[PDB]
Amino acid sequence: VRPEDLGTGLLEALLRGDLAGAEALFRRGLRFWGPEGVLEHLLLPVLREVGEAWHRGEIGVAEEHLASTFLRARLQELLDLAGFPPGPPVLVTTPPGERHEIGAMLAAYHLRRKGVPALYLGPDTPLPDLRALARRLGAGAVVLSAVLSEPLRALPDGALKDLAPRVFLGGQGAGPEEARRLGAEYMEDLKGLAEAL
């Protein structure tokens, strides 16, 4: 199968529970596109199509869970391969109540690929606890990924100010006005995070 058909192939493999086939297809994508390219051209398009199929009522949450778990495992492999430099970390998580992790992990990965010690905490970190860890580790920045807008709507004005010296908010759930309200710097593009630091 051609590169342009790897996305359809992967989604069909996952929807029939063929994890071995899915792993093979993803690895082919990695080899063809390289790491950034496989995320852009395979991981993200499959995740989005899973979401659309769910919105259309063609699949349920269990199929989305299966696909997201698979894709998380693949991104975690890449994250581990990028390595973790010493020095003051950037803490990467999602707002309280946000359980979608891929965006955060993508942010951490893009940072790690540029030599930044992005410490992915997992999703859904209470803000007092996040601030306390940032302070204790001397973190240079906190990065939050918000896929949904509702977890941000739940936060009080200024809630993200002073989590760390720099606080960045992105994801589809976030916009510049909400970032301003919460006291974060907004960034639309993952590729601009490493530059900003």
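Note that the rigid core is defined as the largest set of C-alphas that superpose within 1.5 Å between two forms. Note that residue numbering follows the sequence shown and begins at 1.
**Q** Taking RMS over all structures and residues, which stretch has CA atoms farther from the shown form in 6 other deposited structures of this protein, 56 to 64 or 143 to 151, after a rigid core fit?
**A** Between 56 to 64 and 143 to 151, greater C-alpha deviation in 6 other deposited structures of this protein belongs to 56 to 64.
**Q** If you average the Cα B factors in the entry, which is higher, 173 to 181 or 13 to 21?
**A** Higher of the two, by average CA B-factor, is 173 to 181.
**Q** Look up the CA B-factors in the entry and say which stretch, 160 to 168 or 28 to 36, has the higher mean.
**A** Per the deposited B-factors, the answer is 160 to 168.
**Q** Out of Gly83, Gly122, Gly103, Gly87, which one has a C-alpha B factor higher than all the others in the entry?
**A** Highest C-alpha B-factor among the listed options: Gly87.
**Q** Determine, from the deposited record, the chain-internal third of the Cα B-factor for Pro128: lowest, middle or highest.
**A** Highest third of the chain for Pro128's C-alpha B-factor.
**Q** Mind checking which third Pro45 falls in for C-alpha B-factor across the chain?
**A** CA B-factor rank for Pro45: middle third.
**Q** Lowest, middle or highest third: which one holds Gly138 when the chain's residues are ordered by CA B-factor from the entry?
**A** For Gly138, whose C-alpha B-factor we compare with every modelled residue in the chain, the answer is the highest third.
**Q** Name the third of the chain's ranked CA B-factors that contains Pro151, choosing lowest, middle or highest.
**A** Its C-alpha B-factor, which the entry lists for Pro151, ranks in the middle third among residues of this chain.
**Q** Please say which third, lowest, middle or highest, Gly51 falls into when its CA temperature factor is compared across its chain.
**A** Its C-alpha B-factor, which the entry lists for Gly51, ranks in the middle third among residues of this chain.
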